[PDB]
Amino acid sequence: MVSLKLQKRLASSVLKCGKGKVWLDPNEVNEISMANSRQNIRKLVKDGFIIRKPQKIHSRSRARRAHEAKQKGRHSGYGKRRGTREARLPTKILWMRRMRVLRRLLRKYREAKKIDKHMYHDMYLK
Amino acid sequence: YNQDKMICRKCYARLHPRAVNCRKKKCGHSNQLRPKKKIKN
Amino acid sequence: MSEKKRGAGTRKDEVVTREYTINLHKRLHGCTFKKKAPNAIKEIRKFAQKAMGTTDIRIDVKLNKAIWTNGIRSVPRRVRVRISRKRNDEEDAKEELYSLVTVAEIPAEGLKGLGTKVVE
Amino acid sequence: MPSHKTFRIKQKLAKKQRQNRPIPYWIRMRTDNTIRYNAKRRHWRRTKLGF
RNA sequence: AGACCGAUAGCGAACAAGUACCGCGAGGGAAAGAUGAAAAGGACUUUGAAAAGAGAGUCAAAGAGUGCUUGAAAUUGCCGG
RNA sequence: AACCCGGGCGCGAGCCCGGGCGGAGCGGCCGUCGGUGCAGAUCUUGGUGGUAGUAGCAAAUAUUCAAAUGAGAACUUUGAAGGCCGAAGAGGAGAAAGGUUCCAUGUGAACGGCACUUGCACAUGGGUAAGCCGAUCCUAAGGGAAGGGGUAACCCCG
RNA sequence: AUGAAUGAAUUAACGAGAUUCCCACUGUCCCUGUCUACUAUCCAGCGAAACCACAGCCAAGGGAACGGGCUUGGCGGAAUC
RNA sequence: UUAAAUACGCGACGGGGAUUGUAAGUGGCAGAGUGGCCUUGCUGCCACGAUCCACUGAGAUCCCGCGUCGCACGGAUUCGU
């Protein structure tokens, strides 16, 4: 025997990280075994025999370029374009833009002064 | 109490309703908390 | 693993190596398309034993990686392996090889040249 | 929370737990008579705790 | 105390017995004795994955060697006809 | 005495002896007592054979190559390679419930439906620390304490 | 042997409710094949139950009239997968 | 049921068919569009080339072979009157 199970618990709770990221050297095996205490583990982490593995990578990269691949149209023929009809944007989502803008334009147009109080009521109602 | 505790979406660590933020390890005003929805099935 | 002479006849030996190509296909196609990759490794561990004439075979991690690289369901058709072969114990050591694409020929020659180079 | 707290069940559970220990090597020796298989000694997996 | 029973009998219980155990609970509930006159309760040595085994030692007796008096049956192995 | 094996008598229920074993109690006659005789009762209890080295140890395809340690290594542990888990067919924090199962060291008769150096098996030690978390104080279906009265009374309404 | 709130009739919507027809489609079918997976099989290891008065051939016949066995005929080299 | 230094014997090469069908690298522009540059002007260039052609009857080969290399010099177990 060597039971390394306990240094794995400790190693994880001092690199504040998982047990399948924390790695222990196969040269140092006896010295690792000798650590029974975190202050010993801390020393082996300091001296760099016990180490937190990096561990593959992302995929942001395909996806952010997928956003640049929307920027910039594309895929808006009928087929590739699909969640269901409205769900994608209910058109109440376009209204939430339109209805705030059309009232923001009408407030700007008066305060430059272009229309009368009579015309402003009718169009706002329009 | 109806507030229950707020549990962090990153770390998943539980830290009060009076604490503003999580801190389990450097979570450190990550503000990424949501409260316990206050009791189910 | 006996490149054992001893004595003979030519060949003044204990270890040297040979490069041999292990055909994975015949036994591999006998395993499942998902379960294929472990079969290959066994295939290699049985062929060297046959070719070498030794029970005790070591396969290099490199060999493990090579078979596994495509994944579980895909294994290479074949793999060239360098299999070195020394001791009274008569034990096999194996690892991966290199090739442009080509032939089976005189692999013993490169090995012989290596051992001769090692030196002073 | 505590981890159901009340002292009054909690102590007595801890007493049965202290009471479930091996017999002490000695009482086998002075001894009167027995294959001293103690016996009221109870287990985390099997049978079931009582009060 | 006895024309009682004598360890599948007598109390459920000769002993660690309303114990071990079952049931949410009311309640239910076993199996369980015996080396030897004396521990003299198996040194010392060889062996071995472990236990154990071999050899030897104690005793009237070890097929008296530790759920060890006797040791049937039902059964197993080896073996004989 | 008992047991095992045979020898003799008695139709016979059964009586008797010889050898071995056993290592302390055992008969006969008469007169009495009676938990007084089994093959059986889907009989009870215990033991034991065949069934059998038989069924099961089969659906997430999950490990493989090197190496550590060890009397012993497919399953303990390191690395690499390769996968699987995704509201959790295997992430984090907790309620109840468990009830010490946690940590460490040392083992391995039993367990783990197998190996085991391992373990949530065994043994011995050790750990849980609140003015500011929770208990705690409040009050909600109601458990109700408190007349009188039925009811012997238990007990029940108010 | 229908019949009116023991409700009659009627009826749109609804339905894992009962019956029928059409198109679409198809291995259900003609009529079966190849192929994958896990089993199977063989190896190491672990290791059970049900059941068991019974030795265990066929054709006839007989018999409480539905025989593995009586009776006569006929067959069978065991053991094992 | 095969073959075995009394042998075209085995593995590894690849030559054949009969197997599937146009590679990686490389170039052009039918054709996306857009920007800047070179120059007196004219004119052309570079850039990121969506898709296609061109160098190719290419790569891979459960079947079949002659030229090299490596190994093929062997023994366990059994008994019948």
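Structure first, text after, so check above.
Novice: Looking at this model, I keep getting lost on the protein's contact with RNA strand H. Mind explaining?
Specialist: Residue and element names in this part refer to chain C. In the vicinity of RNA strand H, 14 residues are found, and the nearest of them are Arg18, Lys26, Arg78, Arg85 and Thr102. Sugar and phosphate atoms constitute 80% of the interface atoms of RNA strand H, taking the interface as everything within 4 Å of the protein. Contact between RNA strand H and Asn23: a phosphate oxygen at 3.3 Å from a side-chain N or O atom of the residue. For RNA strand H, a sugar or linking oxygen lies 3.1 Å from a polar atom in the backbone of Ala104. Put simply, the parts of the chain that give the surface near RNA strand H at least two residues each are β1 (17–23), α1 (25–30) and β3 (78–86). Tallying contributions element by element places β1 first for the surface near RNA strand H, with 4 residues. For the surface near RNA strand H, a count of residues per class yields 3 nonpolar, 5 polar and 6 charged.

Novice: Looking at this structure, I do not really get the protein's contact with RNA strand E. What am I missing?
Specialist: Residue and element names in this part refer to chain D. In the neighbourhood of RNA strand E, the contacting residues comprise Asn33, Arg36, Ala39, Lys40 and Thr47. If you look at RNA strand E and keep only atoms within 4 Å of the protein, 82% of those are sugar or phosphate atoms. At 3.1 Å, a backbone N or O of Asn33 approaches a phosphate oxygen of RNA strand E. A breakdown of the residues in the surface near RNA strand E according to their chemical character gives 1 nonpolar, 2 polar and 2 charged.

Novice: Is there a simple way to explain the sheet that holds strand β4 (residues 91–96) of chain C in this structure?
Specialist: Backbone-to-backbone hydrogen bonds join strands into a sheet, with any given pair of strands oriented parallel or antiparallel. All names here are of chain C. Spatially, the 4 strands line up as an open sheet ordered β1-β3-β4-β2, and their pairing is mixed. Sheet topology places β1 and β2 (57–59) at the edges, where each strand pairs with a single neighbour. Strand-to-strand twist in this sheet, taken as the mean axis angle between neighbours without regard to direction, amounts to 30 degrees. Both β2 and β4 contribute to a ladder of 3 bridges, which runs parallel. Of the residues in β4, the one forming a bridge with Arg58 is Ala93.

Novice: Got a minute to help me understand the pairing of β4 of chain C in this structure?
Specialist: Residue and element names in this part refer to chain C. As defined by bridge partners, β3 adjoins β4 across 6 bridges and the pair is classed as antiparallel. Bridged to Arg82 within β4 is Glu95. In sequence, β3 turns back onto β4 through a hairpin of 4 residues, with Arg87 there showing a positive phi of about 120 degrees.

Novice: In this structure, what is going on with the arrangement of the chains? I would like to understand it.
Specialist: In this assembly chain B lies apart from chain C, the nearest approach of their C-alpha atoms being 32 Å. Across all C-alpha pairs, the smallest distance from chain B to chain D is 11 Å, and the two are not in contact.

Novice: Looking at this structure, I do not really get the packing of aromatic side chains. What am I missing?
Specialist: This structure, assessed with the given rule, holds 1 aromatic pair over all chains. Centre to centre, the rings of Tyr120 of chain A and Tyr124 of chain A are 5.9 Å apart; their planes meet at 85 degrees, and the pair counts as edge-to-face. Remark: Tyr124 of chain A and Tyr120 of chain A occur in helix α6 (residues 117–125); sequence separation between them is 4 residues, near one turn of the helix. For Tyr124 of chain A, a relative accessible area of 35% puts it in the partly exposed group. Across from the ring centre of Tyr20 of chain C, 4.8 Å away, lies the NZ or CZ of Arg18 of chain C, which sits over that ring.

Scoring rules and cut-offs
Residues numbered from 1 in each chain as written, not as in the entry; some residues may be left out. Chains lettered and ligands numbered in written order. Part of a larger assembly, values for the part shown. Heavy atoms only, no water. Residues with missing side-chain atoms left out of burial classes, pairs and counts. Near = heavy atom within 4 Å. Polar contact = N/O pair within 3.5 Å; in protein donor to acceptor, adjacent residues only side chain to side chain. Helix = DSSP H or I, 4+ residues; strand = E, 2+ residues; numbered from the N terminus. Nonpolar A, V, L, I, M, F, W, Y, C, P; charged D, E, K, R; others polar. Pairing = 2+ DSSP bridges. Axes fitted to C-alpha atoms, helices over the stretch in contact; angles between N-to-C directions. Contact = heavy atoms within 4.5 Å. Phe/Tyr/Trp six-rings, centres within 6.5 Å; stacked < 30°, edge-to-face > 60°. Buried < 20%, exposed > 50% of the residue type's maximum accessible area, 1.4 Å probe, protein only. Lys NZ or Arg CZ within 6 Å of the ring centre and 35° of its normal.

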